[PDB]
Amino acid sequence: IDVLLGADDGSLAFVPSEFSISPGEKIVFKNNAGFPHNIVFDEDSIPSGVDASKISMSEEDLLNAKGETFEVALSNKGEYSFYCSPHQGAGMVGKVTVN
């Protein structure tokens, strides 16, 4: 599944922000508008036992230019909440379910 970082109207959003995938499926996050952006999985809101650092950018890492990507595939089943760290309070958050 492809996910935009920033909407085409400049809104600070993942598009889509809620979605489901199958184990081993890739998510390609693509820097779109309103960047810099990143994608950070909330270590307390992903399935037990998953290493957030295997699937996340650090909060200090940024995609600063249009078209840059971060790709990650998730295997373990369950709900994963994530956010863009500089835009989290503006509402740039999401949740992917692996089912």
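Start at 1 with the first residue shown and count on from there.
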Please rank the C-alpha B-factors of the chain's modelled residues and tell me whether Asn76 sits in the lowest, middle or highest third.
middle
Split into thirds by Cα B-factor across the chain's modelled residues, where does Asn38 land: lowest, middle or highest?
lowest
By its CA B factor, does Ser58 count among the lowest, middle or highest third of the modelled residues in the chain?
highest
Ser22 - which third its CA temperature factor falls in, relative to the rest of the chain:
middle
What third of the chain, by the recorded C-alpha B-factor, contains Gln88?
middle
